[PDB]
Structures are given as C-alpha cells and as structure tokens.
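J.: Chains as they are written, first to last, in the entry's author numbering: chain BD, 2 to 273; chain AU, 2 to 57; chain AF, 1 to 97; chain AR, 12 to 79; chain AO, 2 to 88; chain AH, 2 to 131.
For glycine and all other residues, C-beta sits at the position ideal for the given N, C-alpha and C.
First, the structure itself, so that you have it in front of you.
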Amino acid sequence: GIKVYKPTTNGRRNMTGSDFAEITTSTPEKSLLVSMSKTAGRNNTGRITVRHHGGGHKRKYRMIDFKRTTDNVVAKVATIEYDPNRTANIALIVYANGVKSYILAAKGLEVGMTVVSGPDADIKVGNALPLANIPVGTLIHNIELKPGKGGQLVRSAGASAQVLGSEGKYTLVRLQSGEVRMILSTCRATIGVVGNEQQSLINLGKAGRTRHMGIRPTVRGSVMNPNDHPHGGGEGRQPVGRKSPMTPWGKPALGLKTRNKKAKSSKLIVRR
Amino acid sequence: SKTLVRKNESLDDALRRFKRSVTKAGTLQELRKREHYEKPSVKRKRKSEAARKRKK
Amino acid sequence: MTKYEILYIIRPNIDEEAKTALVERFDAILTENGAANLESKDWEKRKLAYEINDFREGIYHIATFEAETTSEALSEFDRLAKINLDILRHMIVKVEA
Amino acid sequence: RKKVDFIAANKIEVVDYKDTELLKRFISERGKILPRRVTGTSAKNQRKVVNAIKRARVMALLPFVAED
Amino acid sequence: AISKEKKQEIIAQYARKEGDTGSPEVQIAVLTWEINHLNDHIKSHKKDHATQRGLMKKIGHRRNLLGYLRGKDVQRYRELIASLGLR
Amino acid sequence: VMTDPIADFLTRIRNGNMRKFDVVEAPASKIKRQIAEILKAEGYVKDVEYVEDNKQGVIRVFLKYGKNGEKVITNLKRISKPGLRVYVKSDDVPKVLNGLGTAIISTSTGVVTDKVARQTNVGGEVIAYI
RNA sequence: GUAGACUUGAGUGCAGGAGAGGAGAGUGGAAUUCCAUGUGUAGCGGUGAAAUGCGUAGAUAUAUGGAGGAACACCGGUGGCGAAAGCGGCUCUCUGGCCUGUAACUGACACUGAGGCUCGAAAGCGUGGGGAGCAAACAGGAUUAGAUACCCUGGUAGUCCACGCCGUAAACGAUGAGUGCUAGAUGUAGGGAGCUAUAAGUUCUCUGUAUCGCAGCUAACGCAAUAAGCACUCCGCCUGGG
Numbered sequence: 002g003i004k005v006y007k008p009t010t011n012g013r014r015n016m017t018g019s020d021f022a023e024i025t026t027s028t029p030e031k032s033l034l035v036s037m038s039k040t041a042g043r044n045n046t047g048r049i050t051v052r053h054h055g056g057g058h059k060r061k062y063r064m065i066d067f068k069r070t071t072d073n074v075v076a077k078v079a080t081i082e083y084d085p086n087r088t089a090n091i092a093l094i095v096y097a098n099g100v101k102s103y104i105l106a107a108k109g110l111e112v113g114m115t116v117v118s119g120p121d122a123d124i125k126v127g128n129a130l131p132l133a134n135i136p137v138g139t140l141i142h143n144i145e146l147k148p149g150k151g152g153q154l155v156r157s158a159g160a161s162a163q164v165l166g167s168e169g170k171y172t173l174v175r176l177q178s179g180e181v182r183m184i185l186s187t188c189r190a191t192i193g194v195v196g197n198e199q200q201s202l203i204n205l206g207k208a209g210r211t212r213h214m215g216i217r218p219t220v221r222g223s224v225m226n227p228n229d230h231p232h233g234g235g236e237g238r239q240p241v242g243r244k245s246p247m248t249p250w251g252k253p254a255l256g257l258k259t260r261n262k263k264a265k266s267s268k269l270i271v272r273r
Numbered sequence: 002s003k004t005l006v007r008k009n010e011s012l013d014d015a016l017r018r019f020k021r022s023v024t025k026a027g028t029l030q031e032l033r034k035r036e037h038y039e040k041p042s043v044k045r046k047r048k049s050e051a052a053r054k055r056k057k
Numbered sequence: 001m002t003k004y005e006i007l008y009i010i011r012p013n014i015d016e017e018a019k020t021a022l023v024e025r026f027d028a029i030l031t032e033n034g035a036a037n038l039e040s041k042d043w044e045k046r047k048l049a050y051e052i053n054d055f056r057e058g059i060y061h062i063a064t065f066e067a068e069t070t071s072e073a074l075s076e077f078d079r080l081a082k083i084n085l086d087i088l089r090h091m092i093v094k095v096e097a
Numbered sequence: 012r013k014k015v016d017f018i019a020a021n022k023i024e025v026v027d028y029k030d031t032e033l034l035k036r037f038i039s040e041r042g043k044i045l046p047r048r049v050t051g052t053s054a055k056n057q058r059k060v061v062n063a064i065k066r067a068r069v070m071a072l073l074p075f076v077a078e079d
Numbered sequence: 002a003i004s005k006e007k008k009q010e011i012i013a014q015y016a017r018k019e020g021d022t023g024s025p026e027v028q029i030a031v032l033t034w035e036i037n038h039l040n041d042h043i044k045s046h047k048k049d050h051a052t053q054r055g056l057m058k059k060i061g062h063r064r065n066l067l068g069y070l071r072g073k074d075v076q077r078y079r080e081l082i083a084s085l086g087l088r
Numbered sequence: 002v003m004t005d006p007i008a009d010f011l012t013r014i015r016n017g018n019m020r021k022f023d024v025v026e027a028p029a030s031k032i033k034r035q036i037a038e039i040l041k042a043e044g045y046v047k048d049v050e051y052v053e054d055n056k057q058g059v060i061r062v063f064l065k066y067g068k069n070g071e072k073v074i075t076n077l078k079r080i081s082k083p084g085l086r087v088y089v090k091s092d093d094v095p096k097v098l099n100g101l102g103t104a105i106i107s108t109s110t111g112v113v114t115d116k117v118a119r120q121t122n123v124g125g126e127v128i129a130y131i
C-alpha cells in the first residue's frame, strides 16, 4: 500500500507516498495514558552512550495489551488506529466489564470480531492460545518464554511469525532467516498476522524529514581523525586496507558473530 | 501388493519371472528416456508417431 | 440443494465417546451453517490396508450431506477440518461434480 | 474375449469409485492402470471412469504405488 | 448465467409478449442483467481474460441489441429508454 | 454468404453440370424463376419447380444435357458482382462469343435477352452470359 | 429508399452431455537434495577412459525420521477444450464457449472490419520472497595445433511464488475471416433418433480431428470435406536482388 507524491520540486523528486488509506479516523483515546520519555540515548552517565539519534516529537505512547492474560470475553475491537511508535497498527477493545483494553492490529480484522482466548478459541485470527493448544504449521506471534509475561520476544512489528513444531516442554518455531527457538509449550500466543506489511519500502527525500523521523545523521568513519576512528585519515578519500574496518570502539565488526554461547540459552536453537 | 516371489520359484525361474514380468513392468523405458531432461516440444516428439507407430 | 460428500479418517484407537463428538461438531458446523442433511453418515469404515498419509488402518468417516446452493457453507468446512488433530484425510465432492 | 471397458458388465454408471476391486480391476499388478489399448478403451467413456479413478487411486482406499 | 427462477422471472417481468423468450427486451433482460452480473466476476480477481472476451462478445451482443432496437425498430425502445438507459 | 444467391446459384449449376449430375438448388425468388425461365427457353435446363410453401423454397431443377449427360453450359458466370451493379447503355449492348453466347439484362421494361436488349433500345443491368 | 409481411439465417427459450477452458482457495503421494542418524570401509564420478574432483575429519552405500522447492510416469490418444498463445496429482469457488435436439420467440437483429481496444509465446527487465533439482556467466579436467565448444566436475544469473513490462517467436500448416456447393475408403467424441433383443449389436444425423484418393487442381510437390476445386462480402500483403 504505497502512493506517491507527484514530482513537483527537487527534493520532492521521488517521495514514495504513504497510503495510510486504511486506518480509523483520528484522535486516539485519552485514558491510554503512557508517559513520554526521551533518553536521547544518553544515560545515567549521559555523555552520548548510544549513537546517532533524536528529533521526533512528544510521542504519546499508550498501553497495548502486551500480555492478554484475560479470558473468554466479548473482547470487542472498535477502531484500528495509527501508531507513531511501531510498524504495525493497533486497535481498541472493550470487554464485558466495560474496559478500554487495546491490541496490536493485524492484516484483515474488523471492528466487532471480538476475538479472544480462554484458550477456548479456535484458529481464527486474534486468539491468545498457547502452542500446546495450537496445531502444527501455523502463523502466530506473541510467544514469550516467561508465561504470564507478554511481549519481549518475536511478537514482531514488520511481519508476524510462524511455527514449525513442538515437543514435550517446548515448541519448534522459526522466527525469520532460518531460525528456530523451542519455547515453553504452555506460554501464550496470538494466531494471526502483523498489522502493516509494506512499511519496509518508503523512500523519503529530505534529511530533515528523516530528522522528523528523529535520528541526527550518521558520519562516515573515513575523513575522521586518527584521534577519531581506525579509518586513518590522511591524503584524499584514501582507501582502507587496515584489516576489516570496524567501530570507533575497539572490536572488529564485519564477519565475526559474538554469540555469547555461555548463556541461559543454546538448548533452544536451530543450526544457525 | 508385492509378493516379490513366483510360486515356489527357483533361481532361473525367478530370473525368468523378473525378466518377463519386470520387462513388462515398464520400469526401464521411462528411466532410459529419463537419462536427460528435454524440451516440452520434444516431450511431444515423444507424444507423437512413436506411440502411433506402436498401435497403428 | 445438493448432496455433498466428505470422507475423513481417524486413527482407530480412540473410543466411540470420542466418535460421537467427532461427528457432532461437524453437526455443529452444519448447524452453524445450518445447511445440514438428514444425518451425515459420517463413520462408514470400508477397510484400510494402505498408507496414504502414513497410516495402515484408522477409522473412515463418510459425511455425505445435503446443503444449500453453491455458497459459503460448502467451502466453509475445510478450514475447520484442518483444525482437528484426528483427521487423517478428508474429501469433499458434490453429487456428480 | 470381449472384456472391453467393463461398462456393459457393470451397466450402468455406478459408481465409479465406491468399489474396492470391482471397478478397480482397471489396476495393473504394479498399482498403475490397465492400458487403454490392452483394455482398448472407448475414449471419453474411459474418461468418464478414470476422471474418478484418479481420485479413487489416491483417496486412501487403494495402493497407488506398487509393484509385481 | 442465472438459475431458472430468476431466468424465467426476468423473462416474465421483462417480456413485452408472453412466450416471447427471444424478445429484444428479454435480450436486454438477460444480457443487460449479466453486464453487472458479469462485473462481479471481472472483479473476481480481475484475471479471467477469457471471460473478458465473453464481455467482448456480450457487449457486442448489446451492440446488435440496441443497435437494432434503435436500428430498425425505434420507438418501442424510445418509449423504453428507462429499461436501463445506457451511454 | 447469403449475399449472392445469383452467382451462388450459377456456380451451383457449374457444380451440377461440371459434376455432371441431375438437380441443382435455389431458394425461392422471382429472379431465379426468370433465370431458369429464360435459359430453359434458350434450352439449358429441363425443370421449373420450387418448394411449394417457403420464402426459401428450393427451386430444384433438372438440367438439359448434350447426348451422354454432356454439358451445354460452359462459361457460366454472373457479370454484375454484388459490389458492382453493372449499368450499361442500351444502344451498343455488345455481342457475346461473337453471337455464340447468351445475354440477360434487367432493362427498364424487364429482364430481356441479347438482341431484344440490343435493338429495342432498352438497357439495364448485365446479368449472365455463357 | 419508403412503408409492409413471413421465418425460412442469426440469436434468445426448454432437454442433454462434454472437456488440460480460465481464475482463485486449499490438500496427497512418489521422487530429488539436504539435517541427524545405524555401522562399516574407500569409495563414487564420468566416458573411449581419466584427470576433473569430492571423500579417510572413515563417508558414499546402507537402516530411519525431519526439512524444503520442483513437477505430478501408465491417466495421456491424430483425444478434448480454448481465436490462438496454451491448457494434465487431487478437491472446492464462479466462469465462459459450443454441439445435439428445437419454431417457444424476435422477425434479417446478418457477415464482417481500416481505426481504436484487448489478449498473448519464450526470455529478460521492477519490487518483494522462495530458494530442491537444473542450468547462462565463469572456473577446473580431457580435446587437439588450439578449446573461450560438444564430455565430465562444478557452478552465478535465471528457471518457481505474488506483483508490473516489453509486443517481438517456424505465430506454422511459411495455408486470413464469413458462408454455399459436392465421388467415396476412411478415425474418434457426444448427443439426437431409430437399432439388435430372453443379456448381443447395427443404421442415420452434428460439430471435431486424421489417412488415401473422384472431379477440379498447380511450375511441380501436393490439396481435396476440417479443398492448394468451383463463388461472392470484409480485410490485409506482394512487386528482381542485395
């Protein structure tokens, strides 16, 4: 879903348009209170601590149902709203008790589908079953190794997820890129699909509109000083033959993997 | 299904069973013609007057 | 208006108490569509002695139901046929088409 | 010596898939079909049978692959 | 492309003579019916170009239809513009 | 197509006599009745008959042969094609085969013969020679 | 031309069937390759042979399960459908197009077809995936004077999926479209009808697609009922070669 801008002026040359085109109207709900926060990368210490960054707005976040540990209710979707934050969109929900709960939206849902889990429900889009209930070869997200603990894992803005299999205590699941974790089988799960898909291909001309995105620009390492970077500056834009260029910090970057195989993990793996 | 064995077969008797019946298996023509892959307009050179030469 | 036909198979070691449910939630699918027959004769074992989909013998189930015209109720089924673990193989054809 | 198509024998039209081997002597000994030439078939009436044999070969009521 | 009930029903309403099942008005009935009951199928996936050629020969059948019912006959369609009122 | 039953019909006569067979066919007009009428009068066919109730009534016609089913009609053609209604004068209507050929022309009076078309100063459409 | 009439062409009705007709939505098996894997030793490769190579880090091969893409042998055929291009695991969805009968009905609504429009091989090009096996590009080994080729070992693009485009193919049958005519020997479909009756098996009719060959026919070759024969209406091409 991508319109264009007409190439009127320079800078407005390509300007791959939005096609929001789908989202319910405007005005997100006011008791969706999450306080705004900008570390701007810099820490408790606060020098920079974290690279090129900054320049968005007072991004008034809002509580999505990260966990959805609720039960078998008319969990009515009402609206699918815009997200400033994350790539997929979002949706309001009222239960029987008259609450304002709120979920990540999907591809093809609609207001009044009221989709819910006990894990009573079947395989239709929007159920928080565990994979102990979900059969083989399905398209899920929101599976996190800690039961009673919502999205930290591959509930994914972007595309959703898939599941190959399961055995015993765990679940043989791909994420992307030929990767499988085996997750605790009675941990919750939301069958379905991501909200937005094409929000990987929008090209936007102005450096300043990427500043409206909110990252101050990224320097190359090249013309930087020997004081600055292992790209040893000198005559011209000279090449770098200095054995696989790297961070301004002190480790090589290309190639090597840095697994930390000595983890609370690695018995939950794929070949890669 | 597969009995694999003619009724109290001998060595040369099972040899004649596999020669005769496994020659009428069709188990060799599609393989030797499936040595290499061919163009689908050559697959209807196969589906041509070879079979019409067989029947008519 | 047309008699259909659905042939699924379940692993044999389950019980009749399983079988009554495992035909009557397809009675539930044909009572939520409503386009049900007289009774789906959905258990008729002839005999199995061959592995299509890795079982030598289970329990056949032959539904064979009248329904409505060419509409949502027919092809509504198979999305709720894949969900059962107990299905080995199902089949869905019209009277003669 | 007639033995063509079995159609006049199972006259008429039934089923052609709810037999076990009564229609399915059209099988070869190797799980494939009898020839349309050895059987010597009436072409589209053979299609009127085979258009559901191709079902009934691989409906898990019949060994679709076999030898001997 | 319809059953016998709406087939013979639209013959029944949109016939100007009883038993005139080859009336130009019933050509308007079935043909000018499945123009918009053809649009459902072109909007079904927008891919069946053979059915698009069915729309070609049926637009042309509409072309002989009102090219004739304006062509030789005139006023039994001039009174009957509001059948659907093309163009 | 149906748009030339005249040369369709004469061509069909060439099928009947060149195939050396008995009866040719023609739907019911008045013009074809004048064709088999005038040319039967000039001795080329042997029947004038059509299907008794049809506006497409088959004028089925026995032919007038030579001595062994031998041809009399050889160079049978329609002169005026449907793309050209041939409109000649009346005063110098030309000879056909130096007199050895037929001529039939829808003049202002009717559809009359060669010399009757010549010297009566009547003129119209040229139809057919032999 | 003007008014007028009928169906007897066309089409529309009511009955039949038929198919790899299209487009989506899914499912099944064999088979390839790979993940572990029993447990054992150099094997396998290829040809006219081997070097190619891989492989003792001990495997192929054999025991199994898994993974994935591709495509679906007899079915399959001078078979059908589709204007062709083309279309074949299986099941649904909505989907044209004929033919057989039929006058129930319109009463010539017909045929075309520049223009304009649509579809459309095969690759390739765009974006995003999927990535078994195959294989441009290239490498290695024969090959010989030489091998940038045929063979082998591989192996990139690419082949597949949604999603847009080129508009050019031996487009073919180097045989435009419409309809009329008619020796026959002949295929096969699916109807209509009889038919052959105590179950059998024949005859006519329609569209199909061959093969021979009457007439006709051309420079000859050949065509010939699905005419390269005899007619007419729409179009188009063609003017000695480069």
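The beta strand (DSSP E) spanning AH/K41 covers which residue range?
T.: Start at 1 with the first residue of the sixth sequence, and residue 41 of chain AH comes out as number 40. Element bounds for AH/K41: not the beta strand (DSSP E) but the alpha helix (DSSP H), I32 to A42.
J.: Is there a C-beta anywhere in chain BD that falls below 7 Å from the one on AF/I6?
T.: Translated into the one-based positions of the third sequence, residue 6 of chain AF becomes position 6. No, AF/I6 does not count as interfacial toward chain BD.
J.: Would BD/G215 and BD/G55 qualify as a contact pair, given that the criterion is a beta-carbon distance under 7 Å?
T.: The sequence position of residue 215 of chain BD within the first sequence is 214, counting from 1. The sequence position of residue 55 of chain BD within the first sequence is 54, counting from 1. Their beta carbons are under 7 Å apart, which means BD/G215 touches BD/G55 by this criterion.
J.: DSSP state of AO/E10, grouped into three classes?
T.: By one-based count along the fifth sequence, residue 10 of chain AO stands at place 9. It is helical.
J.: Under 9 Å, CB to CB, which of the residues in the region 110-134 of chain BD have a partner in chain AF?
T.: Listed by position, the residues of the region 110-134 of chain BD near chain AF (Cβ gap below 9 Å) are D123, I124 and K125.
J.: Going along chain AR, which residues have a C-beta under 8 Å from AU/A26?
T.: For the purposes of this step, residue 26 of chain AU is taken as the residue at position 25 of the second sequence. Under the 8 Å cutoff, chain AR gives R41 and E78.
J.: Based on Cα-Cα distance, which residue from AF/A35, AF/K19 and AF/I83 lies nearest to AF/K3?
T.: Taking the third sequence and counting its residues from 1, one reaches residue 3 of chain AF at position 3. Taking only the C-alpha atoms, the option nearest AF/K3 is AF/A35.
J.: State the beta-bridge partners of AH/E126 as determined by DSSP.
T.: As a position in the sixth sequence, residue 126 of chain AH is number 125, starting the count at 1. According to DSSP, AH/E126 bridges with AH/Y88 and AH/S107.
J.: From BD/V74 to BD/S178, what does the alpha carbon distance come to, in whole angstroms?
T.: Taking the first sequence and counting its residues from 1, one reaches residue 74 of chain BD at position 73. Taking the first sequence and counting its residues from 1, one reaches residue 178 of chain BD at position 177. So the two alpha carbons sit approximately 36 Å from each other.
J.: For the region 69-80 of chain AO against the region 5-18 of chain AH, are there 3 or more C-beta pairs whose distance is under 8 Å?
T.: The region 69-80 of chain AO is not in contact with the region 5-18 of chain AH.
J.: Grab the span of the alpha helix (DSSP H) containing BD/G209 for me, first residue to last.
T.: On the first sequence, residue 209 of chain BD is found 208 positions in, with the first residue counted as 1. That run of the alpha helix (DSSP H) goes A208 to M214.
J.: Verify whether the separation of the beta carbon atoms of AF/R89 and AF/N53 is less than 7 Å.
T.: As a first step, residue 89 of chain AF must be located in the third sequence, where it is residue number 89. As a first step, residue 53 of chain AF must be located in the third sequence, where it is residue number 53. Yes, the pair counts as a contact, with Cβ atoms nearer than the cut-off.
J.: Apart from the five residues on each side of it in sequence, which residues of its chain come closer than 6 Å, Cβ to Cβ, to AH/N76?
T.: For the purposes of this step, residue 76 of chain AH is identified with residue 75 of the sixth sequence, where counting begins at 1. Once the five neighbours on either side are set aside, the close Cβ partners of AH/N76 are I131.
J.: For chain AR, check one thing: does any of its Cβ atoms lie closer than 7 Å to the Cβ of AF/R25?
T.: If you number the third sequence from 1, residue 25 of chain AF lands on position 25. Taking Cβ atoms only, chain AR never reaches closer than 7 Å to AF/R25, which makes this a no.
J.: Considering just the uninterrupted stretch of the beta strand (DSSP E) at BD/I104, what are its terminal residues?
T.: In the first sequence, counting from the first residue as 1, residue 104 of chain BD sits at position 103. Element bounds for BD/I104: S102 to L105.
J.: On the DSSP bridge assignment, give the partners of BD/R182 in chain order.
T.: Start at 1 with the first residue of the first sequence, and residue 182 of chain BD comes out as number 181. In DSSP, BD/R182 forms a bridge with BD/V174.
J.: Determine the direct distance from the alpha carbon of BD/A162 to that of BD/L154, and round the result to whole angstroms.
T.: What you label residue 154 of chain BD is simply residue 153 of the first sequence in a count that begins at 1. What you label residue 162 of chain BD is simply residue 161 of the first sequence in a count that begins at 1. About 11 Å.
J.: Could you give the distance in angstroms between the alpha-carbon of BD/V181 and the alpha-carbon of BD/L140?
T.: Position 180 of the first sequence, counted from the start, is the residue given in the question as residue 181 of chain BD. Position 139 of the first sequence, counted from the start, is the residue given in the question as residue 140 of chain BD. Going from the Cα of BD/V181 to the Cα of BD/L140 covers about 14 Å.
J.: Please report the straight-line C-alpha distance between AF/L38 and BD/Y96, rounded to a whole angstrom.
T.: The sequence position of residue 38 of chain AF within the third sequence is 38, counting from 1. The sequence position of residue 96 of chain BD within the first sequence is 95, counting from 1. Using only the alpha carbons, I get a separation of about 39 Å.
J.: Apply the 10 Å Cβ neighbour rule to BD/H232 and answer buried if 16 or more other Cβ atoms are within range, or exposed otherwise.
T.: Along the first sequence, read from residue 1 onward, the residue named residue 232 of chain BD stands at position 231. The residue is buried, with at least 16 neighbouring Cβ atoms inside 10 Å.
J.: Kindly identify the DSSP beta-bridge partner or partners of BD/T17.
T.: For the purposes of this step, residue 17 of chain BD is identified with residue 16 of the first sequence, where counting begins at 1. BD/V5, per the DSSP bridge assignment.
J.: For a cutoff of 7 Å on Cβ pairs, would you count AF/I52 as touching chain AR?
T.: Walking along the third sequence from the start, residue 52 of chain AF turns up at place 52. For AF/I52, the answer is yes, since a Cβ of chain AR falls inside 7 Å of its Cβ.
J.: Applying the criterion that 16 or more other CB atoms from any shown protein chain within 10 Å of the CB defines a buried residue, is BD/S118 buried or exposed?
T.: Counting from one through the first sequence, the residue named residue 118 of chain BD turns up at place 117. Classification for BD/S118: buried.
J.: Roughly how far, in whole angstroms, is the beta-carbon of BD/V112 from the beta-carbon of BD/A79, given that I think they are within contact range, below 8 Å?
T.: Against the first sequence, residue 112 of chain BD aligns to sequence position 111. Against the first sequence, residue 79 of chain BD aligns to sequence position 78. About 6 Å; that satisfies the 8 Å criterion.
J.: One question on the structure: do BD/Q199 and BD/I3 come within less than 7 Å of each other, judged by their Cβ atoms?
T.: Taking the first residue of the first sequence as position 1, residue 199 of chain BD is located at position 198. Taking the first residue of the first sequence as position 1, residue 3 of chain BD is located at position 2. Yes. Within cutoff.
J.: What does DSSP give as the partner residues of BD/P253 in its beta bridges?
T.: As a position in the first sequence, residue 253 of chain BD is number 252, starting the count at 1. BD/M247.
J.: Where does residue 274 of chain BD sit, in a helix, a strand or coil, going by DSSP?
T.: A query on residue 274 of chain BD cannot be resolved here, the shown segment of chain BD reaching from 2 to 273 and no further.
J.: Beta-carbon separation of BD/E82 and BD/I91 under 7 Å?
T.: Your numbering for residue 82 of chain BD matches position 81 in the first sequence. Your numbering for residue 91 of chain BD matches position 90 in the first sequence. Going by C-beta atoms, BD/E82 is nearer than 7 Å to BD/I91.
J.: Would you verify that the beta carbon of AU/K3 is, or is not, closer than 7 Å to some beta carbon of chain AR?
T.: Start at 1 with the first residue of the second sequence, and residue 3 of chain AU comes out as number 2. Yes, contact with chain AR.
J.: Are the region 61-76 of chain AF and the region 5-19 of chain AF in contact at 8 Å, needing three or more beta carbon pairs?
T.: Yes, the region 61-76 of chain AF is in contact with the region 5-19 of chain AF.
J.: DSSP state of AR/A54, grouped into three classes?
T.: Your numbering for residue 54 of chain AR matches position 43 in the fourth sequence. AR/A54: helix per DSSP, three-state reduction.
J.: Can you look up AH/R79 in the DSSP assignment and give me helix, strand or coil?
T.: Start at 1 with the first residue of the sixth sequence, and residue 79 of chain AH comes out as number 78. Three-state result, AH/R79: strand.
J.: Under DSSP, the alpha helix (DSSP H) around BD/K77 begins and ends at which residues?
T.: To locate residue 77 of chain BD, count along the first sequence from 1; it is residue 76. Taken as a continuous stretch (DSSP letters only), BD/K77 belongs to no alpha helix (DSSP H), being part of the beta strand (DSSP E) at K77 to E82.
J.: Consult DSSP for BD/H142 and reduce its assignment to one of helix, strand or coil.
T.: Residue 142 of chain BD sits at position 141 when you count from the first residue of the first sequence. Residue state, collapsed to three classes: strand.
J.: Tell me whether BD/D84 is buried or exposed, calling it buried when 16 or more other Cβ atoms sit within 10 Å of its Cβ.
T.: Taking the first residue of the first sequence as position 1, residue 84 of chain BD is located at position 83. Under this definition BD/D84 is a buried residue.
J.: Are there 16 or more other CB atoms within 10 angstroms of the CB of AF/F26, so buried, or fewer, so exposed?
T.: Locating residue 26 of chain AF in the third sequence gives position 26, where the first residue counts as 1. Flag for AF/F26 reads buried.
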